[PDB]
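[1] Experimental structure and its sequence below.
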Amino acid sequence: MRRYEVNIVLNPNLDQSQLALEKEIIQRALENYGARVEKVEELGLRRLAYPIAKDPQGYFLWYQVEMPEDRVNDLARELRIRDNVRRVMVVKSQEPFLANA
Amino acid sequence: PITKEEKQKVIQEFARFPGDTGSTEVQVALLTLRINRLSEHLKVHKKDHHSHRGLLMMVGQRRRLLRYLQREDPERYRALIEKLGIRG
Amino acid sequence: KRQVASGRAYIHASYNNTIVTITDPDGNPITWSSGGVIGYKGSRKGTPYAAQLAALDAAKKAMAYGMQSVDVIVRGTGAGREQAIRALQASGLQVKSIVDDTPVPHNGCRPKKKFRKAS
Amino acid sequence: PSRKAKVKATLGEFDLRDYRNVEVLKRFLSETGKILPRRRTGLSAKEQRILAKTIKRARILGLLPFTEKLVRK
RNA sequence: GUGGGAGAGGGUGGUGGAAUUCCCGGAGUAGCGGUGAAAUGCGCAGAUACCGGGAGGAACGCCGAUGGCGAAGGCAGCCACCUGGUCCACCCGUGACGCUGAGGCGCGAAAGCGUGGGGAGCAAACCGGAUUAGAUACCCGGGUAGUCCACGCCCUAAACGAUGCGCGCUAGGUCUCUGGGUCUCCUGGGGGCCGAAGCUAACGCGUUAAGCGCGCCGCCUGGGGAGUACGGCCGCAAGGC
Ligand SMILES: NC[C@@H]1O[C@H](O[C@H]2[C@@H](O)[C@H](O[C@@H]3[C@@H](O)[C@H](N)C[C@H](N)[C@H]3O[C@H]3O[C@H](CO)[C@@H](O)[C@H](O)[C@H]3N)O[C@@H]2CO)[C@H](N)[C@@H](O)[C@@H]1O
Ligand SMILES: NC[C@@H]1O[C@H](O[C@H]2[C@@H](O)[C@H](O[C@@H]3[C@@H](O)[C@H](N)C[C@H](N)[C@H]3O[C@H]3O[C@H](CO)[C@@H](O)[C@H](O)[C@H]3N)O[C@@H]2CO)[C@H](N)[C@@H](O)[C@@H]1O
Ligand SMILES: [K+]
Ligand SMILES: [K+]
Ligand SMILES: [K+]
Ligand SMILES: [Mg+2]
Ligand SMILES: [Mg+2]
Ligand SMILES: [Mg+2]
Ligand SMILES: [Mg+2]
Ligand SMILES: [Mg+2]
Ligand SMILES: [Mg+2]
Ligand SMILES: [Mg+2]
Ligand SMILES: [Mg+2]
Ligand SMILES: [Mg+2]
Ligand SMILES: [Mg+2]
Ligand SMILES: [Mg+2]
Ligand SMILES: [Mg+2]
Ligand SMILES: [Mg+2]
Ligand SMILES: [Mg+2]
Ligand SMILES: [Mg+2]
Ligand SMILES: [Mg+2]
Ligand SMILES: [Mg+2]
Ligand SMILES: [Mg+2]
Ligand SMILES: [Mg+2]
Ligand SMILES: [Mg+2]
Ligand SMILES: [Mg+2]
Ligand SMILES: [Mg+2]
Ligand SMILES: [Mg+2]
Ligand SMILES: [Mg+2]
Ligand SMILES: [Mg+2]
Ligand SMILES: [Mg+2]
Ligand SMILES: [Mg+2]
Ligand SMILES: [Mg+2]
Ligand SMILES: [Mg+2]
Ligand SMILES: [Mg+2]
Ligand SMILES: [Mg+2]
Ligand SMILES: [Mg+2]
Ligand SMILES: [Mg+2]
Ligand SMILES: [Mg+2]
Ligand SMILES: [Mg+2]
Ligand SMILES: [Mg+2]
Ligand SMILES: [Mg+2]
Ligand SMILES: [Mg+2]
Ligand SMILES: [Mg+2]
Ligand SMILES: [Mg+2]
Ligand SMILES: [Mg+2]
Ligand SMILES: [Mg+2]
Ligand SMILES: [Mg+2]
Ligand SMILES: [Mg+2]
Ligand SMILES: [Mg+2]
Ligand SMILES: [Mg+2]
Ligand SMILES: [Mg+2]
Ligand SMILES: [Mg+2]
Ligand SMILES: [Mg+2]
Ligand SMILES: [Mg+2]
Ligand SMILES: [Mg+2]
Ligand SMILES: [Mg+2]
């Protein structure tokens, strides 16, 4: 049981329906792999520094979660199945390291 | 890995008395836990040698401690082996 | 015959030759020149003067399509790079900007022995 | 000798391990997409070593460029 | 033991962008390439240069260093999982349980070998072009094994600090990585430089000793013949000891 952070970048062109469906599958797969959600930050569409999947922008999701370590990899795989999901990055959470303090 | 609760479980299990973290029995026990963990890690990942060195060093340490116990108090030695189930 | 009137100028420079490709804003080429297009044949293509002649030639060929303002793109490290630049600067063409696009790998491929003591 | 400014002294209170914050990290990148040296950043060994990893993390997400085109010249 | 720390230490899976080559499309024309100078070569079946899309293989730019880790070989994009080593603080626990280590066992760059796969770039052999008195070379155009992956062999090296391991003692100055602390500074571990005493044939070494000592292992005994011959062991072979 460790605390991670899930970054997901998906298609910015999504209408509210398809978007809702993608997030539904995200929550679904999450509960399937047993990840408790501590909080969520939806940053929406932002302008990428380089083209990803030929599209100049992307829609962002950030989930701070806690899940059994053993299945984390096995989770990420699933999250990459959907065509609409172009980026997945899972990071072990870390205490913030301040500079110039 | 090896969580603190497991460590305390085995320590309290093999402790000669309350508060004893350092006795030969405790050390051999802890080492044995580590050794088993590592070997089960090495049934897969058999191509990882750097860790296998670690396994060698731990094994050696355990053998030396057990030898010491064997010298001082053969009763506690046989007891230790019996509870741990070493020597094969 | 298009009448583009604004476009890009690519400069490919190496210690051997310098060649200039003038394109529309989409990157599709219009005309081009080089040290070989001018009467130079051998090593003389690496000349700064060669590069000047080339740049000027491509520019004059671009006047024929009636072009005025261009963007310059520099690739390669070789002689006569800045000479081709200066050439284009006033050819009668207006130079809107200069950029060095020279591709540098993140070290993918093993260089030839000539270029080695690197990766 | 980079006597213009040190990126640290030109900045306020901030978190180095945060890969999602662009408007700060961008200051640590050159005219090109390259990570600045200790001379320019004015960071320390530990700090710089963390900064690198967070920058790369941001790059992969698409928040920061791997490389850029050089203006002027 | 408890609590903290740093790290390219190792194994498995996944993944990101730059570049090269090939393919597809657009646009576009007489050459590109390469050298001291050239030629072979490629190009009117449209090459070079430019934009767009795709496939594949290999290596990870900046960070990056005189830096870090590892017993050595060696280790560098990013993420996750498994896992080794190590340092500091507290003075908690055991109570000499230690050091070394013939033989044994395991690890061991590159090249090389076996089976299967893969093959973008590079490239022994080889095919050409030049140079040259010749050129079985340097330079140029190609190119097979190989380089890459899995499994199994091989056991070498300028495998280098040309400095076996451990412990104790013997001025300091300075730079640096990483902890702790009354945080000008003190204290501890690691990496560098200059230097006290001392040592050394000299160069140099000098708290990271090549100084002063103790323990244990390995090794040397003039050069060539020769790391050859014979024997033995090991190896599919090359060959190794
Ligand atoms: N090679 C793993 C690396 O682990 C890093 O993180 C490593 C360190 O930060 C961390 O240190 C741990 C920690 O609990 C704390 N600092 C003290 C502890 N003794 C350490 O654990 C250590 O000892 C144990 C055996 O006892 C080993 O199993 C383990 O590998 C080692 N890190 O343990 C981690 C695993 O070794 C980073 N993720 C990255 O550099 C990389 O993935
Ligand atoms: N970066 C992946 C690495 O893969 C290693 O092992 C992987 C690679 O060594 C090996 O090569 C695979 C190849 O099988 C497969 N047919 C194609 C694939 N593109 C390759 O993967 C890798 O190839 C090389 C490294 O050799 C890299 O240059 C490349 O970026 C990477 N994609 O395939 C293995 C997995 O099947 C280790 N797990 C670890 O170093 C790391 O995760
Ligand atoms: K010709
Ligand atoms: K070093
Ligand atoms: K002297
Ligand atoms: Mg997908
Ligand atoms: Mg030992
Ligand atoms: Mg030429
Ligand atoms: Mg690592
Ligand atoms: Mg590509
Ligand atoms: Mg074509
Ligand atoms: Mg050719
Ligand atoms: Mg060819
Ligand atoms: Mg022809
Ligand atoms: Mg021909
Ligand atoms: Mg024709
Ligand atoms: Mg054809
Ligand atoms: Mg091409
Ligand atoms: Mg392309
Ligand atoms: Mg292919
Ligand atoms: Mg560097
Ligand atoms: Mg070292
Ligand atoms: Mg070395
Ligand atoms: Mg005490
Ligand atoms: Mg007592
Ligand atoms: Mg030993
Ligand atoms: Mg031995
Ligand atoms: Mg070997
Ligand atoms: Mg090899
Ligand atoms: Mg082979
Ligand atoms: Mg084969
Ligand atoms: Mg070649
Ligand atoms: Mg060749
Ligand atoms: Mg030849
Ligand atoms: Mg001669
Ligand atoms: Mg063969
Ligand atoms: Mg050396
Ligand atoms: Mg050394
Ligand atoms: Mg040294
Ligand atoms: Mg000698
Ligand atoms: Mg020494
Ligand atoms: Mg020895
Ligand atoms: Mg020891
Ligand atoms: Mg020191
Ligand atoms: Mg070192
Ligand atoms: Mg000195
Ligand atoms: Mg003296
Ligand atoms: Mg002297
Ligand atoms: Mg000493
Ligand atoms: Mg000998
Ligand atoms: Mg003799
Ligand atoms: Mg001899
Ligand atoms: Mg020999
Ligand atoms: Mg004999
Ligand atoms: Mg014999
Ligand atoms: Mg035989
Ligand atoms: Mg032979």
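    Received, thanks. Numbers count the residues shown, from 1 in each chain, chains lettered A, B, ... in the order given. Ligands and ions are numbered 1, 2, ... in the order given.
[2] now the strands for chain C?
    C:6-13, C:18-23, C:29-34, C:69-75, C:94-100 (DSSP state E).
[3] would TSV of those strands with mean neighbour count and distance to ligand 8 be doable?
    All C-beta spots, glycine's among them, are computed from the backbone N, C-alpha and C. Shown next, in TSV, are the strands of chain C (neighbours: other CB atoms under 10 Å in any protein chain shown; distance: least, CB to the ion, whole Å):
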stretch	mean neighbour count	distance to ligand 8
strand C:6-13	22	12
strand C:18-23	24	9
strand C:29-34	19	10
strand C:69-75	19	17
strand C:94-100	16	22
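[4] Reformat those strands as CSV; add distance to chain A.
    Output for these, formatted as CSV (distance: least, CB to the nearest CB, whole Å):
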stretch, distance to chain A
strand C:6-13, 19
strand C:18-23, 20
strand C:29-34, 23
strand C:69-75, 18
strand C:94-100, 17
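[5] Out of the ones you listed, which is closest to residue C:46?
    strand C:18-23 (7.2 Å; CB to CB).
[6] Residue B:30 contacts residue B:9, correct?
    No: the criterion here is CB atoms under 8 Å, and residue B:30 misses it with residue B:9 at 10.9 Å.
[7] about what we covered before: mind giving me JSON lines with the strands of chain C and columns for distance to ligand 6?
    Output for the strands of chain C, formatted as JSON lines (distance: least, CB to the ion, whole Å):
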{"stretch": "strand C:6-13", "distance to ligand 6": "35"}
{"stretch": "strand C:18-23", "distance to ligand 6": "35"}
{"stretch": "strand C:29-34", "distance to ligand 6": "36"}
{"stretch": "strand C:69-75", "distance to ligand 6": "34"}
{"stretch": "strand C:94-100", "distance to ligand 6": "34"}
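[8] For those strands, give me JSON lines that also has distance to residue A:37.
    Converted to JSON lines, the strands of chain C look like this (distance: least, CB to CB, whole Å):
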{"stretch": "strand C:6-13", "distance to residue A:37": "50"}
{"stretch": "strand C:18-23", "distance to residue A:37": "51"}
{"stretch": "strand C:29-34", "distance to residue A:37": "54"}
{"stretch": "strand C:69-75", "distance to residue A:37": "48"}
{"stretch": "strand C:94-100", "distance to residue A:37": "46"}
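[9] Which of the three states applies to the residue of chain B found nearest ligand 8?
    For chain B, the residue closest to ligand 8 is residue B:47, as judged by CB to the ion, at 51.0 Å. Per DSSP: H, G, I helix; E, B strand; the rest coil, the local secondary structure of residue B:47 is coil.
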